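Participant: PDB entry and its sequence, pasted below:
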Amino acid sequence: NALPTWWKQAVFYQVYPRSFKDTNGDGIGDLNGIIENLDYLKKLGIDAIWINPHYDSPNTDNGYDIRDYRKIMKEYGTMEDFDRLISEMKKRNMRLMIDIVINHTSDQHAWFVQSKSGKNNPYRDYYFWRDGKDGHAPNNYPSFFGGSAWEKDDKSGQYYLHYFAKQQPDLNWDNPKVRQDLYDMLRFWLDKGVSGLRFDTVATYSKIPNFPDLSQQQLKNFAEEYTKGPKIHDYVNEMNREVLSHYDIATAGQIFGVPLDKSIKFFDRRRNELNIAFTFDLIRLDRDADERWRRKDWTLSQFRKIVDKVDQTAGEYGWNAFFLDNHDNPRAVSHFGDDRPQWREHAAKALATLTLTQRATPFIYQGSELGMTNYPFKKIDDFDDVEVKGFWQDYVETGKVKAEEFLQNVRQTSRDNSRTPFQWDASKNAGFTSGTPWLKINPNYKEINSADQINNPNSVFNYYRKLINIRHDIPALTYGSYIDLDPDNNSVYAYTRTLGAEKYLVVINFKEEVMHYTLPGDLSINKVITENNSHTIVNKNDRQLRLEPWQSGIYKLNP
Ligand SMILES: OC[C@H]1O[C@@](CO)(O[C@H]2O[C@H](CO)[C@@H](O)[C@H](O)[C@H]2O)[C@@H](O)[C@@H]1O
Ligand SMILES: [Ca+2]
């Protein structure tokens, strides 16, 4: 029995404001650039937008190092602009989700400026300060962004903890005053009518008592160990009870590092924690858990097994999001498809069909609706991202990995592949900016741009538009149960979605050759709901499909 909600049936679109549309020529996108393109997202059929952080920030980590939670980022505009965004989405019946980054603040935040003053400052224990051991760090914790997770302060002689950049010191959630202050901050944004909150690295708020050294095995998988704090569900439930349950919102939790079997405690509706799971098992299936910048070969059978495990883990009482890329990962068509010119549009339409036929809330990352690709990074200085510089420092500058081997991996895995500016049209800089963009635009913008697709009925954009309309029209594509026809098949991905008598089949050929695919058991086709790249017609009661390379489709099955 499905408990339907607006957020289970929504299709979300993720805007990275820095790279969406610049309206004043400084080369950085801004809030007015979002406002000006709301009609575009409305034509796509999006009903909710999640924006990456929009707060005052020195931008060590592009908005994720927040200097003031109640001020708009200078580069993105003013509080008036923010209020106008809310008001214009409201006019269009679109709901806004903002990014909540409360594992850490900027080292420029008024709290940390006070805290670092001296052991006797009232704000001292808003952050984690510990003594060194034999004139080195308190323990062997590594940072996600390179080097040690402990930064020595000369004023006090103590180290402060930063799982991410040295400019992002971790907040001390063990102090109830910190949690209260964070709660007032949330009410500030919620009182403005925001409809959703995405919690950045939500599983790391609880730190391990006494900070023991990690073991050898643990250092190779430290992201999991940092999710092992003994109070994380107590804090998330407390936030639900004191804030989240008092408003009418959807909450998504980014549970990076949490083993899949432990994810349901954050999202089971009975636990009064969060609503929508962002899991990383799928999107990192081809990533090394230790040398986190490296990729490795993967197969469709691996990919489909993860889909099914993730689906089953949500079960009856949790709920998943589903996404294939985002601002932290390479573009879907390059990562999971074939981004060469012969195949790109077909593979993009095949991955859109996958996304929009999952038992999950789909998130569409900006530009994926056009089939944008990875960017051709050459040299190490072609990248912007703090994280890639941290990996370079840890692995290349130490002589552990050859520069060229590192680059062969990070060209494929870098976050910056998702962050090149949105390709609006075929004008100079793809119409993103009248100035010099902050990060160079992919030269494939003359082939891949929204102007060339919005009115072409055959485009990637219109195929997403069609799929979103189909999903809204067929309840089984949102709430139906999921069954993979053959989890070991590395050629043809085929699964059903079922609600009572109503059963649909999704079939995608991941091979660049014609595949014949015979349906199992007594299954036979009642109707074609949609196909891309097909050549052989499908008639009533067909029990076989002849799939062109990269062909994708949705069929309704006979009862
Ligand atoms: O590669 C990014 C790294 O950080 C995670 C959290 O583990 O991503 C979130 O947290 C970071 C620090 O606030 C942000 O830089 C990132 O953009 C945000 O999504 C994971 O995605 C990943 O391990
Ligand atoms: Ca701008």
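Facilitator: Now that the structure is in, tell me what you want to look at. Numbering: from 1, shown residues only. Ligands and ions are numbered 1, 2, ... in the order given.
Participant: what's the closest non-adjacent residue to residue 75?
Facilitator: For residue 75, the nearest residue in space outside its immediate sequence neighbours is residue 28; the separation is 4.8 Å by Cβ to Cβ, 6 or more residues apart in numbering. Backbone N, C-alpha and C define where each C-beta goes, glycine included.
Participant: what's the answer for residue 355, then?
Facilitator: Distances taken as Cβ to Cβ, 6+ apart place residue 362 nearest to residue 355, at 4.9 Å, with adjacent residues excluded.
Participant: next one: phi and psi at the residue nearest to residue 75?
Facilitator: Residue 28 has phi and psi values of phi -120, psi 130 when expressed as degrees, to the nearest 10.
Participant: if I pick it, what's in contact with it?
Facilitator: 18, 22, 75-76, 438 (Cβ atoms under 8 Å, 6 or more residues apart in numbering).
Participant: now the two most distant members of the residues you listed.
Facilitator: The most widely separated members of the contacts of residue 28 are 76 and 438, with 12.6 Å between them, by Cβ to Cβ.
Participant: higher neighbour count, these two?
Facilitator: Neighbour tally, residue 76 and residue 438, criterion other Cβ atoms under 10 Å: the higher count belongs to residue 76, 25 against 21.
Participant: my read: the more buried one touches residue 17, true?
Facilitator: Yes. Counting by Cβ atoms under 8 Å, residue 17 is a contact partner of residue 76 at 5.4 Å.
Participant: joint contacts of those two?
Facilitator: Both residue 76 and residue 17 are contacted by 29-31, 54, under the criterion Cβ under 8 Å, 6+ apart.
Participant: also near ligand 2: which of the residues you listed, exactly?
Facilitator: Filtering those for proximity to ligand 2 by Cβ under 5 Å from the ion leaves residue 30.
Participant: for the shared contacts of residue 76 and residue 17, which one is nearest residue 231?
Facilitator: Set against residue 231, the nearest of those by Cβ to Cβ is residue 54 (29.1 Å).
Participant: and that closest one, how far from residue 215?
Facilitator: For residue 54, the distance to residue 215 equals 39 Å [Cβ to Cβ, to the nearest Å].
Participant: and for residue 148, nearest residue in space, chain neighbours not counted?
Facilitator: Nearest in space to residue 148, with sequence neighbours left out and distances taken as Cβ to Cβ, 6+ apart, is residue 137 at 4.8 Å.
Participant: tell me, how many residues neighbour the one you found?
Facilitator: Using other Cβ under 10 Å, residue 137 is surrounded by 19 other residues.
Participant: who touches it in this structure?
Facilitator: Taking Cβ under 8 Å, 6+ apart, one finds 148-150, 152, 159 in contact with residue 137.
Participant: hmm, which two among the residues you listed are most spread apart?
Facilitator: Spanning the widest gap among the contacts of residue 137 are 149 and 152, at 12.1 Å by Cβ to Cβ.
Participant: and these two? which has more neighbours close in?
Facilitator: When residue 149 and residue 152 are compared for neighbours, residue 149 comes out ahead with 25 against 15, by other Cβ under 10 Å.
Participant: so residue 151, which state does it fall into?
Facilitator: Under DSSP: H, G, I helix; E, B strand; the rest coil, the three-state class of residue 151 is strand.
Participant: give the contact list for it.
Facilitator: For residue 151, the contact set (Cβ under 8 Å, 6+ apart) comprises 159-160, 162, 166, 169.
Participant: now the strands for the stretch 101-250 of the chain?
Facilitator: For the stretch 101-250 of the chain, the strands identified by DSSP state E, counting those that start in this stretch occupy 129-130, 150-152, 159-161, 196-199, 250-254, in order along the chain.
Participant: grab the nearest non-local neighbour of the spatially most central residue of the chain.
Facilitator: Averaging the C-alpha coordinates of the chain gives a centre point, and the residue nearest to it by Cα atoms, centre = their mean is residue 326 (4.0 Å). With Cβ to Cβ, 6+ apart as the measure, residue 365 is the residue that lies nearest to residue 326, at 5.2 Å, once sequence neighbours are left out.
Participant: try residue 45
Facilitator: residue 468 (4.0 Å).
Participant: so what's the one you found up against?
Facilitator: When contacts are counted by Cβ under 8 Å, 6+ apart, residue 468 touches 11, 44-46, 356.
Participant: so residue 55 touches residue 75, yeah?
Facilitator: No. Counting by Cβ under 8 Å, residue 55 stays clear of residue 75, with 11.2 Å between them.
Participant: who has more neighbours out of residue 54 and residue 215?
Facilitator: Set side by side, residue 54 and residue 215 give different neighbour counts by other Cβ under 10 Å, the larger being at residue 54 (26 against 10).
Participant: any idea how far that one is from residue 424?
Facilitator: Taking Cβ to Cβ as the criterion, residue 54 is separated from residue 424 by 21 Å.
Participant: ok, residue 383 next?
Facilitator: 23 Å.
Participant: and if you look at residue 180?
Facilitator: Relative to residue 424, and taking Cβ to Cβ, residue 180 is found at 43 Å.
Participant: now residue 111
Facilitator: For residue 111, the distance to residue 424 equals 39 Å [Cβ to Cβ].
Participant: neighbour count: those two, which is higher?
Facilitator: Per other Cβ under 10 Å, whichever of residue 111 and residue 424 has more neighbours is residue 424, with 22 against 19.
Participant: nearest spatial neighbour of the more buried one, skipping sequence neighbours?
Facilitator: Once flanking residues are discounted, residue 424 sits nearest to residue 431: 3.9 Å by Cβ to Cβ, 6+ apart.
Participant: correct me, but the one you found touches residue 425?
Facilitator: Yes. Assessed by Cβ under 8 Å, residue 431 is found in contact with residue 425 at 3.9 Å.
Participant: what is in contact with the two at once?
Facilitator: With Cβ under 8 Å, 6+ apart, residue 431 and residue 425 have common neighbours 449, 451.
Participant: more crowded one of these two?
Facilitator: Between residue 431 and residue 425, residue 431 has the larger neighbour count (other Cβ under 10 Å), namely 20 against 16.
Participant: for residue 366, see how far away the residue nearest to residue 403 when sequence neighbours are not counted is.
Facilitator: Counting by Cβ to Cβ, 6+ apart, residue 396 is the residue found nearest to residue 403 once chain neighbours are left out, at 5.2 Å. Look at residue 396 and residue 366: by Cβ to Cβ, they are 31 Å apart.
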